[PDB]
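In the block that follows, a single chain appears as structure tokens, in the form deposited in one PDB entry.
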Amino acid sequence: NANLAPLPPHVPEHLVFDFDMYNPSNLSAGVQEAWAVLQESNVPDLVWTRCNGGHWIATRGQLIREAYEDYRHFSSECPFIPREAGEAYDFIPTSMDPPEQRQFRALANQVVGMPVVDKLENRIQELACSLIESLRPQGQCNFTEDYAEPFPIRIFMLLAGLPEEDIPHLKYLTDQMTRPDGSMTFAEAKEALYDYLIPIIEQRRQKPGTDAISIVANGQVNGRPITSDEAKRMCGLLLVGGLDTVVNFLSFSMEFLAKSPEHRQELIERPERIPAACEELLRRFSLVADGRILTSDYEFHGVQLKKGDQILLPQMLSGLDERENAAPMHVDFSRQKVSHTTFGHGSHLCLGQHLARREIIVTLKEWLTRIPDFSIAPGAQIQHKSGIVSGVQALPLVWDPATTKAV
């Protein structure tokens, strides 16, 4: 038993492609590369894999977008593979469908959407600068550990009005959930995280301030007050949603720049291209793959899907699709129409996308200004990991500090 689930009778054999989203066979060549094997010409647009309990995978942008739009057939009630993890998952609004999702989404948007971002730009700037300056004269760092991890969690603490001293504890709680070693069930990891949040929400419903947790926990949904349980489930997501996505995305980006002096030089000589370069990086190193559960039997693009079937709808694949972007594996900061679904698509389109772009942009601007020349540490083989949010296990970087400048 290679732990492949028995093929359900409604699934025709010609659609079977046993891709393992947690351990894809081509991983050492890069995680995007490993997933992009689903886009080779003999692979159908929609396939069934017997790995991880058995589930569909939409392999092309067209189908990915369509399924993300159609929440009536493709429900977020069970958004993760394997089924047991999807079933346990209760974060808001990511575990809900419209119409109920819409009210909770509007509340979340108050704490992370556009006007909040335009406002936070300078605390973001300060944080990046102080982290980079602490590393600069060392001539080395573990980028994932020393910059990518501390950065988003500190921004979240700021949004949420949580004290600095809580960072290590909260880092520990979130790592438990998002990088499981198998010592804990997903529901157990969630519970530990909730145990931290339960008291703070209680406190802030009694005595609200103007932080994100206070806005959320005292908000109105469908014309009534939000429950303490709902507030907890939203805060959980606002905490985690901006963590591993940003940590891992920044690591993919920095790994690419470390290996590409010419792309570094382009952005050094033309810093105005940094916003467009962020978008082209978001496409090439897209990293999320969640999904949906069928609400009923449904024929979708010629394939019979059954009520209860899970479907993986990898956000990462759309922008890598040759049918969406010519020469997809190639990074071109002057690509003219960069299409991707890196932030998702449809009713759940990332609410933190504006904050995420500021984090990436500030990072690239501030890093390249201080440390224009860096490389992968000699002889290091960069290891990737695949999953719901794919990523980089560690990123040792080296530079000559004489080539750097303190601003």
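In case it trips you up, residue 1 is the first one in the sequence shown, and so on. We call the rigid core whatever largest set of C-alpha positions still superposes within 1.5 Å between the two forms.
This next part talks about the form deposited in another entry, which is not shown.
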Report the residue, chosen from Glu262, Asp195, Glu272, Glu299, for which the CA moves 2 Å or more between the shown form and the other one after the rigid core is overlaid. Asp195
Classify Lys337 as shifted (yes) or not shifted (no) between the shown form and the other one, where shifted means its C-alpha moves by 2 Å or more with the rigid core superposed. no
So with the core overlaid, does the Cα of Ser130 end up 2 Å or more away between the shown form and the other one? no
Once the core is aligned, does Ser75 move its Cα by at least 2 Å between the shown form and the other one? no
